[PDB]
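Form deposited in one PDB entry, single chain, as structure tokens, below.
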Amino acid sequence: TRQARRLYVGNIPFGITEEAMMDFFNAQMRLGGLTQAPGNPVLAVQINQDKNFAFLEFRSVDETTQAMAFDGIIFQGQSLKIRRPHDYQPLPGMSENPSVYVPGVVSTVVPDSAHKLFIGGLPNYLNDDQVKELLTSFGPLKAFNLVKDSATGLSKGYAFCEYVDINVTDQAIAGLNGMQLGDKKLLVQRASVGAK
């Protein structure tokens, strides 16, 4: 069950220690009501600092599944990308999906869909949190991801999102499309319009 007790965490803050990561996840699990016993659900964290990802190892299969609900949680300004290990196979009788929701956590999985938005021309100094806030002003998000350079971690200045309310999509477009920001001008439109 080892692969059923591990999770990939991407887009981690630069410089983060394994201990700081563990403390963060153990605290969040407890604060969210996801921890299923006294003591720490996260036993270990292994960070690859060079490639910018971590793996968490949990004490139980069920707590691992619950922790998938933290996908997109902001940690030091960054949207943590939480995913199953690629070799994870659901075991027989165990659920693969978190039965819980974490208030205010916005998933980073933004499937192509009718009202998925593209937001281009963002100033590259804005972090994941600030871009998410910009979009949240119009209404609650179902999903969001800001695209970064995979090697340097710097923003590429464009993002994708999906609002909870499909009708907020056109409100965000009206409020942001064409906004001039220095030498940049926001392009805000359904992602289907310009996808390659």
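Don't overthink the numbering: it's just position in the shown sequence, from 1. Here the rigid core means the biggest group of C-alpha atoms that line up within 1.5 Å when the two forms are laid on top of each other.
- In this entry, 28 to 36 shows the higher mean Cα temperature factor of the pair 28 to 36 and 164 to 172.
- The PDB entry records a higher mean C-alpha B factor for 99 to 107 than for its counterpart among 71 to 79 and 99 to 107.
- Of the candidates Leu126, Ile119, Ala114, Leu91, it is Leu91 whose Cα B-factor is highest according to the PDB record.
- Considering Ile16, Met22, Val9, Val188 together, the PDB entry gives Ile16 the largest C-alpha B factor.
- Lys142: CA B factor in the lowest third of modelled residues in this chain (values from the PDB entry).
- When all modelled residues of the chain are sorted by CA temperature factor, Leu135 is found within the lowest third.
- When the modelled residues of the chain are ordered by their C-alpha B factor, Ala151 lands in the highest third.
What comes next is about the form deposited in another entry, which is not displayed.
- A displacement of 2 angstroms or greater separates the C-alpha positions of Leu176 between the shown form and the other one, with the rigid core held in common.
- Fitting the two forms on the rigid core leaves the C-alpha of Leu154 displaced by at least 2 angstroms between the shown form and the other one.
- A displacement of less than 2 angstroms separates the C-alpha positions of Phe58 between the shown form and the other one, with the rigid core held in common.
- Wider separation of the C-alpha atoms of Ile16 and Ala143, by 3 angstroms or more, is seen in the other entry than in the present form.
- Relative to the displayed conformation, the Cα-Cα distance from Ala143 to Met29 grows by 3 Å or more in the other entry.
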